[PDB]
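Undergrad: I have a structure here, written as structure tokens, and I will follow up with some questions on it.
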Amino acid sequence: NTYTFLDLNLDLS
Amino acid sequence: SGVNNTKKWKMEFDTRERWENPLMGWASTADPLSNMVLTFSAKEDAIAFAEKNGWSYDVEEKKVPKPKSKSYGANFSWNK
Amino acid sequence: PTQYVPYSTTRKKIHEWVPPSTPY
Amino acid sequence: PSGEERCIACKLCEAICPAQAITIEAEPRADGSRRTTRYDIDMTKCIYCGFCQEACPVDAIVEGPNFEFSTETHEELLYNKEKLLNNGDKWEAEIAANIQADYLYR
Amino acid sequence: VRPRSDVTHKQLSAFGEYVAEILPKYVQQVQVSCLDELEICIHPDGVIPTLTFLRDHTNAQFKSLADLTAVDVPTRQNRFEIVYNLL
Amino acid sequence: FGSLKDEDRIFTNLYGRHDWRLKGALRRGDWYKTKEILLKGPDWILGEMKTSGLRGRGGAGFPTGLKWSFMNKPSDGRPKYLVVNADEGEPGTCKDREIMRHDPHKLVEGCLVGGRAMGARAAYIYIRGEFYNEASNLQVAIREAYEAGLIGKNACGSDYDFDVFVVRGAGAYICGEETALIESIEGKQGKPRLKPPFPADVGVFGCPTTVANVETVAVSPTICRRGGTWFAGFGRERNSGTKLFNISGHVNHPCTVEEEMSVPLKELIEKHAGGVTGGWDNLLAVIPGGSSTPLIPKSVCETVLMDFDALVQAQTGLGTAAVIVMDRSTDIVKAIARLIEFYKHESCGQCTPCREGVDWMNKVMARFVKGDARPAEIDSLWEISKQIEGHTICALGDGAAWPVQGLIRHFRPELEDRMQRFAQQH
Amino acid sequence: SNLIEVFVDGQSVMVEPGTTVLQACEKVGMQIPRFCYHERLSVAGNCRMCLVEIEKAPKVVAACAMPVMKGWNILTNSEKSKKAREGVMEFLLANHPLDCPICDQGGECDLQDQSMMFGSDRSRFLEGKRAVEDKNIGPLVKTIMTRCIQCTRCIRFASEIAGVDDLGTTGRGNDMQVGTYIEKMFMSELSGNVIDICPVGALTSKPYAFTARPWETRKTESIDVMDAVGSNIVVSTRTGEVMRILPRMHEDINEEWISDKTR
Amino acid sequence: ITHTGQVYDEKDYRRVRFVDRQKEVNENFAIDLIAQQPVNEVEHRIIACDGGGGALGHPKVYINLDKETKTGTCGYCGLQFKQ
Amino acid sequence: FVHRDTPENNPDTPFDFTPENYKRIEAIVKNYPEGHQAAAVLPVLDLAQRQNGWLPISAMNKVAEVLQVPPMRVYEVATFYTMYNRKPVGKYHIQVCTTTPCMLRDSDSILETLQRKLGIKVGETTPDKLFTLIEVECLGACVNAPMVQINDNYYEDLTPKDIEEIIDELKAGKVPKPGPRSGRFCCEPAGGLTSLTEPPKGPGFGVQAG
Ligand SMILES: Cc1cc2nc3c(=O)[nH]c(=O)nc-3n(C[C@H](O)[C@H](O)[C@H](O)COP(=O)(O)O)c2cc1C
Ligand code: SF4
Ligand code: SF4
Ligand code: SF4
Ligand code: SF4
Ligand code: FES
Ligand code: FES
Ligand SMILES: [Zn+2]
């Protein structure tokens, strides 16, 4: 997915 | 940014008339001591030349750049 | 192989305030 | 050849003239290019050293072959851009041949 | 690079001391330029004495005066620098 | 003498074969003594690396312990930081792509094990943006670890606090540079800084910082676990420890094997990996450390072995230990020529010697491949090469000069012939 | 106290801790050839034309940057620090367009001089040159930026002395061009100083485009009357009409800068 | 009048010098001659301009005909080049 | 490197982060240290690229706005990195690795095949505006040299027809098994796993004392 790395960032946040 | 022309003192005579020439438009000057700029190594010696030659003098003190503190690390400071 | 006249070509350098022609 | 005068007013022909003969003042021509408004060689002041020929980067000022230009009046000897450009147009064919022959040497 | 011959630089230096000793009076700052040229410098009073010794000394005969000139350093208190070049 | 045991081998998950995820990592037992190690002390951790005598696993070689020791100095009220550069722009450095993708965890505990050694508040991992999928793998791994409580405040059931972050690279080889990784992290253009203000002294956001090759961070927890000595023994003198070796180009089975260091160069293609394609005599040259290091011709190839001391004797650098091999079937003049093309498309241009110099060598190198240039020009490229080597702000100009120097040093006759070939056909 | 002892080719001067290697040479009196270093602008290290050789050291150091340490003798006229300048000047000149008889910073070039004193007698760049695209920075500064030596003093001044923060570097490699990404004029007072501060004649003054050439200009030192700061200025007059007014340094009043109005 | 336009007004003295004489002015005024020059079309992004004839021309410069928006003009010949 | 305003690529093209995108933004800043909005511009610029490949001048101005930085600051970041595209990007945007390692192992070989298959020059988008080929530099993953990253497809170890096969897959259908189409796994000696063919030691194996 184009945003999968970025979505993974929010959870870490 | 070179500073090799800010080393020796020079005394320069006051500037005078530079009227345009009618035939060719070249600048024309009636003042003989215009282009003359004598170079003297020290302020004391230049003052002496004016006194014995009888020309009036108004000495200007040398102004040299003040020491400025610089360090590449300082601007990397996000704080400031 | 087989009378000039010299002049300044540059124009005026300082222009002049022309009086207002309107009288006051 | 196109017809644009070679001089671009760098004014070092004025700088190296030994006699102070050449007087040049310039301004950007409307084209935006750089050209000399006034170029005056005072031939009576000139001592025909030929350094100007040497110094010019575009080689706009050249020592032309003619030596017979004796004049009745002193003013005629003073030369402005129009006389020199006219002198250039008249003798361009031989000047080009002369520069052609000697440029390898320089 | 000019073809310097150290052989000269030395011989002329040696003469420069020779003259400096012979006329301790009137002679100061004797130096051999990097151009293989000697330039004894003398107090103005030593004009007559130093020249005469050079014109008439067996070990230093300097018969002809090539030139007498005076540079003018306005800064220098003593404005003129009379220079006598001898052969 | 290489031939390290599998048990000794550091990244067992290399080549995958084991869950890169935490449960695979637990079977790996990567998080086994983490609480203990941190408890021992920061001083205990640096004692372990000093005893290990590990050298930088990135292109530059420096004692790892001394580098970490530098910012172990007392905090001056600025939070200390950890920066892990997962960027590996250098050709043949697919190595670090392994740890990140295959064994993300090893690096996660490498980060906190390393973190308390420098007392870093937090660690940012700059994986090259090119690797988007790779990023997907690590933060999944990082997310697992915190969920576990392995990382975060009171990480691993200990007083110490750590937070690990991943930063997106944007296709720049120079971003890799130590001072430039920081600026990319800082958000300004990726342009290196001068070393006078050293990275520890003025790091990122003006807070002391340290930068490590991902391999360097990854081995620190296992080296503390196995002890510096175990790790110290494998190496040779100053050289020590196993470093992953990537062999790419003109070899029968190109692969990254973490076989032992100090390996005869002839041995690693012949014994592991794949013997040089076409035979060991079909070796026009070997690039030991990647594009930055000078290539060595076959004559010296087997004699020398892969360790940094031996290579510097050989005039080449272990670097990233990326072995690129060129059979007798390659136009080296063009091979090295594309590496100079690799550097003109990439140097930042901040410094005059690299900006014009690397472009100047690129133009001359392209003419050299054609053979248009005369024989006398060859030496000039050399003189151009050392002007760039010692004058550059960063090391990339250092790096651009070395391949050029290698081509002239060992293959000068071939370039002259290409010179000759064009002159003959006119 | 706070007087490290550093040697300038032996003069053994004593300087405050934290003075740059370039600064140490200045007090002895030596001048490191420099580009991209201006006294009242931040040190950037872009040109590295100032590489000098501290004694007993493997590599040459960046003068403007290395804080001089204790007892490091600077060798400013060594056989090395001259190959470190003979080889940099090779590079700046290589991509340079030779239109010195167009560049109105003809005699006012800090790049011909340093070439003409510290650089090399001839060129070896038999390859081709680059060209950038002249853009509009406004009605006062003519940016013939194919001249630019990417020295980043403009980007500094335009951010540090004046708060414009517009000019910036764009791209990497040998086509890093230091011009506004979108064409937005550099409109601010203090604007004309860029002319005076760019040692190259890439961007120069458009009104004083080609009216003169500096050797001719007779320079008389006078006072700014347009504004009440009374900034010191030098009026450059040729054959009796003023040709340019450029700043002359007064530490207290205008320290090397003058307003867009008064020039 | 001339290339620059130097001219003397009726009230202008200094115009007598021409009385019964002739003034030196130029046909073939250059201002228009290059404007009369065709735009040298080129293929490459950048082009040179020896001025024509190498040593017998101008110090070579490379012009960036990169934008059709503008035909590069060598500062020496005033020759416009059409990308 | 000059943005000459064009009707398509100029701020008339309005740009604004999707409610969802803006969310992503906040997260980014916090990840970065407190009071340092500037670090977030390269990631925020990346999400503008994620939003739209073109990323026009309007988009960069918004980035600077959201990140409250000098606009130029964003312009400089976008120009320096090749990852960002300041011009429209093909849907697939394949990039071929042509550094010496890949070339030595035939990288060039692949190129010729792809140019013909896409039937277009290297460096521009297909008329279909479906494909864009560019000769990018080392993309990592050299052990697998033949290589072509298509939007992170990072296909590797690709024989010519392989790509053709992949391109077709892209041309009709989607998700063409991205990865090394070769049998080998990730990077592995094609022969096998000489490095470690034994089982991995478990937790606390031979852990040194102390
Ligand atoms: C142009 C250039 C690119 C570099 N790229 C990388 C890289 O991608 N990865 C890396 O670990 N080191 C790279 N380095 C080396 C770094 O500058 C630095 O020395 C190293 O990352 C420190 O890690 P270590 O001390 O753990 O070896 C690069 C250096 C230069 C000059
Ligand atoms: S004549 Fe030659 S030198 Fe004198 S200005 Fe015109 S061009 Fe420059
Ligand atoms: S060398 Fe100079 S230019 Fe090349 S990268 Fe390092 S800094 Fe940027
Ligand atoms: S700047 Fe202008 S003057 Fe100085 S060198 Fe380049 S061109 Fe000649
Ligand atoms: S413009 Fe003048 S100042 Fe700005 S970079 Fe180019 S040269 Fe340095
Ligand atoms: S002058 Fe030395 S860094 Fe620019
Ligand atoms: S060069 Fe193609 S990936 Fe390393
Ligand atoms: Zn021309």
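Simple scheme: letters A, B, ... for chains in structure tokens order, numbers from 1 for residues in each chain, numbers from 1 for ligands in the order shown.
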Contacts from chain C to chain G, 12 Å maximum, only C-alpha atoms: show me the residue list as a list in words.

TA: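 Every residue of chain C that passes the 12 Å test is in residues 10, 12, 13 and 14 of chain C.
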
Undergrad: May I have the residues from that selection written out with C-alpha atoms, as an mmCIF file, in the first residue's frame?

TA:
data_model
loop_
_atom_site.group_PDB
_atom_site.id
_atom_site.type_symbol
_atom_site.label_atom_id
_atom_site.label_comp_id
_atom_site.auth_asym_id
_atom_site.auth_seq_id
_atom_site.Cartn_x
_atom_site.Cartn_y
_atom_site.Cartn_z
ATOM 1 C CA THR C 10 27.533 61.219 -26.092
ATOM 2 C CA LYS C 12 23.712 65.598 -22.312
ATOM 3 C CA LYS C 13 24.558 64.415 -18.831
ATOM 4 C CA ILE C 14 22.693 66.775 -16.526
#

Undergrad: Just list as number ranges by chain whatever in region 1-85 of chain E DSSP marks as helix (DSSP H, G or I).

TA: E: 6-22, 44-55, 58-60

Undergrad: Restrict the selected residues to N, CA, C and O atoms and save them as a tab-separated table (two decimals), in the first residue's frame.

TA:
chain	number	residue	atom	x	y	z
E	6	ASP	N	76.25	31.85	-7.68
E	6	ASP	CA	76.56	32.12	-6.28
E	6	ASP	C	77.99	32.57	-6.11
E	6	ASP	O	78.32	33.32	-5.19
E	7	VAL	N	78.85	32.14	-7.03
E	7	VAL	CA	80.23	32.55	-6.97
E	7	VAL	C	80.32	34.05	-6.77
E	7	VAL	O	81.16	34.53	-6.01
E	8	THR	N	79.45	34.79	-7.43
E	8	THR	CA	79.45	36.23	-7.29
E	8	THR	C	78.88	36.63	-5.95
E	8	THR	O	79.53	37.32	-5.18
E	9	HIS	N	77.67	36.19	-5.67
E	9	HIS	CA	77.01	36.61	-4.41
E	9	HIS	C	78.02	36.58	-3.26
E	9	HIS	O	77.99	37.51	-2.44
E	10	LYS	N	78.89	35.59	-3.22
E	10	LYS	CA	79.81	35.50	-2.11
E	10	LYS	C	80.92	36.53	-2.21
E	10	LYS	O	81.16	37.27	-1.27
E	11	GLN	N	81.57	36.60	-3.36
E	11	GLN	CA	82.75	37.49	-3.52
E	11	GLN	C	82.36	38.93	-3.21
E	11	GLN	O	83.11	39.59	-2.50
E	12	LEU	N	81.23	39.38	-3.74
E	12	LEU	CA	80.75	40.76	-3.49
E	12	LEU	C	80.35	40.92	-2.02
E	12	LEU	O	80.59	41.99	-1.47
E	13	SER	N	79.79	39.90	-1.40
E	13	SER	CA	79.46	40.03	0.00
E	13	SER	C	80.75	40.25	0.75
E	13	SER	O	80.85	41.16	1.57
E	14	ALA	N	81.75	39.44	0.45
E	14	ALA	CA	83.04	39.54	1.15
E	14	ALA	C	83.62	40.94	1.00
E	14	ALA	O	84.12	41.46	2.00
E	15	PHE	N	83.54	41.53	-0.19
E	15	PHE	CA	84.02	42.92	-0.39
E	15	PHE	C	83.20	43.86	0.48
E	15	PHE	O	83.75	44.82	1.00
E	16	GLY	N	81.91	43.59	0.60
E	16	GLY	CA	81.06	44.47	1.41
E	16	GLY	C	81.54	44.49	2.84
E	16	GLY	O	81.54	45.57	3.44
E	17	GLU	N	81.98	43.45	3.40
E	17	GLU	CA	82.50	43.50	4.74
E	17	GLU	C	83.81	44.23	4.64
E	17	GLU	O	84.09	45.12	5.43
E	18	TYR	N	84.64	43.82	3.64
E	18	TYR	CA	85.94	44.51	3.52
E	18	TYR	C	85.71	46.01	3.64
E	18	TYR	O	86.29	46.62	4.53
E	19	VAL	N	84.84	46.60	2.82
E	19	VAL	CA	84.66	48.04	2.88
E	19	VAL	C	84.14	48.45	4.23
E	19	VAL	O	84.56	49.46	4.78
E	20	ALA	N	83.22	47.67	4.78
E	20	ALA	CA	82.62	48.05	6.07
E	20	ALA	C	83.70	48.13	7.15
E	20	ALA	O	83.63	49.06	7.94
E	21	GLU	N	84.66	47.21	7.15
E	21	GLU	CA	85.74	47.26	8.11
E	21	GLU	C	86.66	48.41	7.80
E	21	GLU	O	87.06	49.14	8.69
E	22	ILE	N	87.04	48.57	6.54
E	22	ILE	CA	87.98	49.63	6.18
E	22	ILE	C	87.45	50.99	6.56
E	22	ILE	O	88.19	51.85	7.01
E	44	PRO	N	75.72	60.76	5.09
E	44	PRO	CA	75.97	61.74	4.06
E	44	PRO	C	77.39	62.30	4.16
E	44	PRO	O	77.94	62.68	3.15
E	45	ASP	N	77.94	62.38	5.37
E	45	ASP	CA	79.29	62.97	5.58
E	45	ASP	C	80.33	62.08	4.91
E	45	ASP	O	81.43	62.58	4.65
E	46	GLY	N	80.01	60.82	4.65
E	46	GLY	CA	81.01	59.89	4.11
E	46	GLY	C	81.06	59.88	2.60
E	46	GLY	O	81.73	59.02	2.04
E	47	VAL	N	80.37	60.84	1.98
E	47	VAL	CA	80.35	60.93	0.55
E	47	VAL	C	81.75	61.03	0.00
E	47	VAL	O	82.14	60.23	-0.84
E	48	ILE	N	82.52	62.00	0.47
E	48	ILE	CA	83.86	62.19	-0.05
E	48	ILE	C	84.74	61.01	0.31
E	48	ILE	O	85.35	60.39	-0.56
E	49	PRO	N	84.82	60.69	1.60
E	49	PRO	CA	85.71	59.61	2.00
E	49	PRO	C	85.43	58.24	1.36
E	49	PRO	O	86.37	57.63	0.92
E	50	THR	N	84.18	57.79	1.33
E	50	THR	CA	83.89	56.42	0.80
E	50	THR	C	84.16	56.36	-0.69
E	50	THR	O	84.72	55.37	-1.14
E	51	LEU	N	83.76	57.38	-1.43
E	51	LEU	CA	84.04	57.35	-2.84
E	51	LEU	C	85.54	57.30	-3.04
E	51	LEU	O	86.06	56.38	-3.68
E	52	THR	N	86.26	58.25	-2.48
E	52	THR	CA	87.72	58.31	-2.72
E	52	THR	C	88.36	56.95	-2.45
E	52	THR	O	89.25	56.58	-3.21
E	53	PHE	N	87.94	56.25	-1.39
E	53	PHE	CA	88.61	54.97	-1.08
E	53	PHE	C	88.36	54.03	-2.25
E	53	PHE	O	89.31	53.41	-2.73
E	54	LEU	N	87.13	54.00	-2.74
E	54	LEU	CA	86.80	53.12	-3.89
E	54	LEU	C	87.51	53.62	-5.16
E	54	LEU	O	87.99	52.78	-5.90
E	55	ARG	N	87.59	54.92	-5.42
E	55	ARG	CA	88.30	55.33	-6.66
E	55	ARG	C	89.78	54.98	-6.59
E	55	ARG	O	90.34	54.56	-7.60
E	58	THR	N	93.93	49.84	-4.16
E	58	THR	CA	94.40	48.79	-5.08
E	58	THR	C	93.40	47.64	-5.09
E	58	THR	O	93.13	47.11	-6.18
E	59	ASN	N	92.85	47.27	-3.93
E	59	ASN	CA	91.98	46.08	-3.88
E	59	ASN	C	90.54	46.44	-4.24
E	59	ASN	O	89.71	45.54	-4.22
E	60	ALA	N	90.26	47.72	-4.52
E	60	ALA	CA	88.90	48.08	-4.97
E	60	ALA	C	88.91	49.26	-5.92
E	60	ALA	O	88.36	50.27	-5.52

Undergrad: Which residues, written as a count of residues only, have at least one atom at most 12 Å from residue 3 (chain E), with only C-alpha atoms counted and residues fewer than 5 positions away on the same chain left out?

TA: 4

Undergrad: Show me which residues sit within 6 Å of ligand 1 when counting only C-alpha atoms and all ligand atoms, and put them as a PyMOL selection string.

TA: chain F and resi 56-60+85+87-89+173-174+176-178+211-213+216+394-396

Undergrad: How would you write, as number ranges by chain, the set of residues no farther than 8 Å from ligand 7 when counting only C-alpha atoms and all ligand atoms?

TA: F: 89-94; I: 97-103, 107, 137-147

Undergrad: Could you pull the residues within 12 Å of residue 195 (chain I), counting only C-alpha atoms, minus those fewer than 3 positions along the same chain, as a ChimeraX atom specification?

TA: /F:2-17,242,244-245,255-260,268,271-273 /I:187-189,191-192,198-200

Undergrad: Write the residues you've just listed into a file as an mmCIF file, in the first residue's frame, and include C-alpha atoms for each of them.

TA:
data_model
loop_
_atom_site.group_PDB
_atom_site.id
_atom_site.type_symbol
_atom_site.label_atom_id
_atom_site.label_comp_id
_atom_site.auth_asym_id
_atom_site.auth_seq_id
_atom_site.Cartn_x
_atom_site.Cartn_y
_atom_site.Cartn_z
ATOM 1 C CA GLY F 2 37.254 -17.327 7.863
ATOM 2 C CA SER F 3 34.857 -20.271 7.796
ATOM 3 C CA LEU F 4 32.962 -18.941 10.801
ATOM 4 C CA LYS F 5 30.577 -21.379 12.451
ATOM 5 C CA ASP F 6 26.863 -20.948 11.916
ATOM 6 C CA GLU F 7 26.438 -20.770 15.676
ATOM 7 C CA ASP F 8 29.013 -18.014 15.803
ATOM 8 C CA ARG F 9 27.471 -16.286 12.783
ATOM 9 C CA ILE F 10 25.650 -13.157 13.932
ATOM 10 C CA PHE F 11 22.480 -12.909 11.888
ATOM 11 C CA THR F 12 21.071 -16.404 11.837
ATOM 12 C CA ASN F 13 17.895 -15.092 10.256
ATOM 13 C CA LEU F 14 19.952 -14.013 7.260
ATOM 14 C CA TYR F 15 18.268 -15.340 4.135
ATOM 15 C CA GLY F 16 15.109 -15.315 6.216
ATOM 16 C CA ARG F 17 14.395 -18.964 6.996
ATOM 17 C CA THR F 242 32.670 -11.187 11.092
ATOM 18 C CA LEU F 244 28.782 -9.382 5.995
ATOM 19 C CA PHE F 245 30.425 -9.706 2.548
ATOM 20 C CA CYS F 255 25.057 -13.668 -2.522
ATOM 21 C CA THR F 256 25.653 -11.881 0.808
ATOM 22 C CA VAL F 257 27.332 -14.337 3.245
ATOM 23 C CA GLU F 258 28.387 -13.234 6.748
ATOM 24 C CA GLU F 259 31.487 -15.389 6.546
ATOM 25 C CA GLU F 260 34.462 -14.472 8.663
ATOM 26 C CA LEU F 268 35.372 -16.277 -0.799
ATOM 27 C CA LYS F 271 34.545 -21.478 -1.558
ATOM 28 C CA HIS F 272 31.301 -19.655 -0.759
ATOM 29 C CA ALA F 273 29.233 -17.498 -3.035
ATOM 30 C CA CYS I 187 19.253 -12.538 -1.155
ATOM 31 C CA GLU I 188 20.538 -16.137 -0.932
ATOM 32 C CA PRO I 189 23.440 -17.925 -2.584
ATOM 33 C CA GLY I 191 23.435 -22.661 -4.522
ATOM 34 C CA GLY I 192 21.824 -22.526 -1.095
ATOM 35 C CA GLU I 198 22.084 -25.676 10.501
ATOM 36 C CA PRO I 199 19.250 -24.761 12.821
ATOM 37 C CA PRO I 200 19.585 -21.411 14.595
#

Undergrad: Using only C-alpha atoms and all ligand atoms, find each residue with an atom at most 10 Å away from ligand 2 and format the answer as a ChimeraX atom specification.

TA: /D:5-17,22-26,34-36,39,52-62 /G:101-102 /H:58,76

Undergrad: Write out as a ChimeraX atom specification the residues lying within 12 Å of residue 5 (chain C), counting only C-alpha atoms and excluding same-chain residues fewer than 6 positions away.

TA: /B:23-24 /D:71,73-80,82-83 /H:14-25

Undergrad: Could you name the residues that touch residue 400 (chain F) at 10 Å or less, counting only C-alpha atoms, but leaving out those on the same chain fewer than 2 positions away, as an NGL selection string?

TA: :F and (291-294 or 336 or 339-344 or 347 or 354 or 357-358 or 361 or 385 or 388-389 or 395-398 or 402-405)

Undergrad: Select from chain A every residue with an atom at most 9 Å from any atom of chain F, then for each give the shortest pair of atoms and their distance in Å to one decimal, using only C-alpha atoms, rows by chain and rising number, as CSV.

TA:
residue,atom,partner,partner_atom,distance
A:2,CA,F:132,CA,8.8
A:4,CA,F:136,CA,6.9
A:5,CA,F:136,CA,5.1
A:6,CA,F:136,CA,8.8
A:8,CA,F:139,CA,6.6
A:9,CA,F:139,CA,7.4
A:11,CA,F:143,CA,7.7
A:12,CA,F:143,CA,6.1

Undergrad: Hey, which bits of chain G sit within 9 Å of ligand 4, and for each residue what's the closest pair of atoms and how far apart in Å (one decimal), counting only C-alpha atoms and all ligand atoms, rows by chain and increasing number, as CSV?

TA:
residue,atom,partner,partner_atom_place_in_ligand_line,distance
G:93,CA,ligand 4,6 (Fe),7.8
G:96,CA,ligand 4,6 (Fe),6.2
G:97,CA,ligand 4,7 (S),6.4
G:98,CA,ligand 4,7 (S),5.3
G:99,CA,ligand 4,7 (S),4.9
G:100,CA,ligand 4,8 (Fe),3.2
G:101,CA,ligand 4,8 (Fe),6.9
G:102,CA,ligand 4,2 (Fe),7.0
G:103,CA,ligand 4,2 (Fe),3.9
G:104,CA,ligand 4,2 (Fe),6.5
G:105,CA,ligand 4,3 (S),5.2
G:106,CA,ligand 4,3 (S),4.3
G:107,CA,ligand 4,3 (S),7.0
G:108,CA,ligand 4,4 (Fe),7.4
G:109,CA,ligand 4,4 (Fe),4.4
G:110,CA,ligand 4,4 (Fe),6.8
G:111,CA,ligand 4,4 (Fe),5.3
G:112,CA,ligand 4,5 (S),5.1
G:113,CA,ligand 4,4 (Fe),8.3
G:115,CA,ligand 4,5 (S),8.9
G:147,CA,ligand 4,6 (Fe),5.8
G:148,CA,ligand 4,1 (S),8.1
G:149,CA,ligand 4,6 (Fe),8.9
G:199,CA,ligand 4,1 (S),7.4
G:200,CA,ligand 4,1 (S),4.2
G:201,CA,ligand 4,1 (S),4.5
G:202,CA,ligand 4,1 (S),6.6

Undergrad: Keeping only N, CA and C atoms, write the selected residues to a file as a compact mmCIF listing (two decimals), in the first residue's frame.

TA:
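Listing of out15.txt after writing:
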# COMPACT_ATOMS: atom_id res chain seq x y z
N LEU G 93 37.56 28.18 -12.28
CA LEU G 93 37.70 28.65 -13.68
C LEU G 93 37.17 27.67 -14.72
N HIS G 96 33.70 28.30 -15.57
CA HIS G 96 33.44 29.75 -15.66
C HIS G 96 33.32 30.21 -17.12
N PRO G 97 32.35 31.07 -17.51
CA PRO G 97 32.23 31.63 -18.85
C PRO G 97 33.14 32.84 -18.96
N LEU G 98 34.08 32.81 -19.90
CA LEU G 98 35.07 33.88 -20.01
C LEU G 98 34.46 34.99 -20.86
N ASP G 99 33.79 35.90 -20.14
CA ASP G 99 33.21 37.14 -20.62
C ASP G 99 33.58 38.32 -19.58
N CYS G 100 34.90 38.33 -19.40
CA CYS G 100 35.50 39.19 -18.38
C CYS G 100 35.33 40.56 -19.03
N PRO G 101 35.48 40.73 -20.35
CA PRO G 101 35.14 42.03 -20.95
C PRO G 101 33.65 42.30 -21.10
N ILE G 102 32.79 41.42 -20.59
CA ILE G 102 31.40 41.75 -20.32
C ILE G 102 31.17 41.96 -18.83
N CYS G 103 31.90 41.22 -18.02
CA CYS G 103 31.66 41.20 -16.59
C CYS G 103 32.15 42.55 -16.13
N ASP G 104 31.21 43.41 -15.74
CA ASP G 104 31.57 44.74 -15.24
C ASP G 104 32.31 44.80 -13.83
N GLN G 105 32.39 43.61 -13.25
CA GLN G 105 33.25 43.37 -12.09
C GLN G 105 34.53 42.89 -12.76
N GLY G 106 35.03 43.73 -13.67
CA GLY G 106 36.27 43.42 -14.35
C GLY G 106 37.48 43.54 -13.45
N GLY G 107 37.82 44.76 -13.06
CA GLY G 107 38.86 44.97 -12.07
C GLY G 107 38.42 44.78 -10.64
N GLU G 108 37.12 44.57 -10.41
CA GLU G 108 36.53 44.37 -9.09
C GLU G 108 36.20 42.90 -8.87
N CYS G 109 37.07 42.02 -9.36
CA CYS G 109 36.88 40.58 -9.27
C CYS G 109 37.85 40.01 -8.25
N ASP G 110 37.31 39.37 -7.23
CA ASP G 110 38.11 38.61 -6.29
C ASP G 110 38.44 37.22 -6.82
N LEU G 111 38.08 36.91 -8.07
CA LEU G 111 38.39 35.64 -8.70
C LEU G 111 39.42 35.65 -9.81
N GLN G 112 39.60 36.78 -10.51
CA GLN G 112 40.74 36.94 -11.40
C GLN G 112 42.03 37.21 -10.66
N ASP G 113 41.93 37.98 -9.58
CA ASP G 113 43.09 38.37 -8.81
C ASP G 113 43.64 37.06 -8.26
N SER G 115 43.19 34.11 -8.95
CA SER G 115 43.75 33.37 -10.07
C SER G 115 45.08 33.97 -10.51
N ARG G 147 27.74 33.07 -14.22
CA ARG G 147 28.99 33.52 -13.57
C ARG G 147 29.19 32.91 -12.15
N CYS G 148 28.07 32.72 -11.45
CA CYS G 148 28.07 32.15 -10.08
C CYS G 148 29.05 31.04 -9.73
N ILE G 149 29.85 31.22 -8.67
CA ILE G 149 30.76 30.14 -8.22
C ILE G 149 30.12 29.41 -7.04
N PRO G 199 31.39 38.14 -5.02
CA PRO G 199 32.71 38.52 -5.57
C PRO G 199 32.77 38.34 -7.06
N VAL G 200 32.09 37.32 -7.56
CA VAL G 200 31.86 37.15 -8.98
C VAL G 200 30.90 38.23 -9.47
N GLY G 201 30.95 38.50 -10.77
CA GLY G 201 30.07 39.48 -11.38
C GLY G 201 28.84 38.85 -11.99
N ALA G 202 28.36 37.79 -11.35
CA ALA G 202 27.18 37.08 -11.84
C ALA G 202 25.96 37.97 -11.79

Undergrad: Could you please write out, as a list in words, every residue of region 21-87 of chain E that DSSP assigns to strand (DSSP E)?

TA: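 Those in region 21-87 of chain E that DSSP calls strand (DSSP E) are residues 27, 28, 32, 33, 37, 38, 41, 42, 65, 66, 67, 68, 69, 70, 71, 72, 80, 81, 82, 83, 84, 85 and 86 of chain E.
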
Undergrad: List all protein, DNA and RNA residues that have any atom at most 12 Å from ligand 6, counting only C-alpha atoms and all ligand atoms, and write the list as a PyMOL selection string.

TA: (chain B and resi 1+71-72) or (chain F and resi 193-194+350-353+391-393) or (chain G and resi 20-23+31-39+41-52+60-66+84-85+88+110+114+149-153+199)
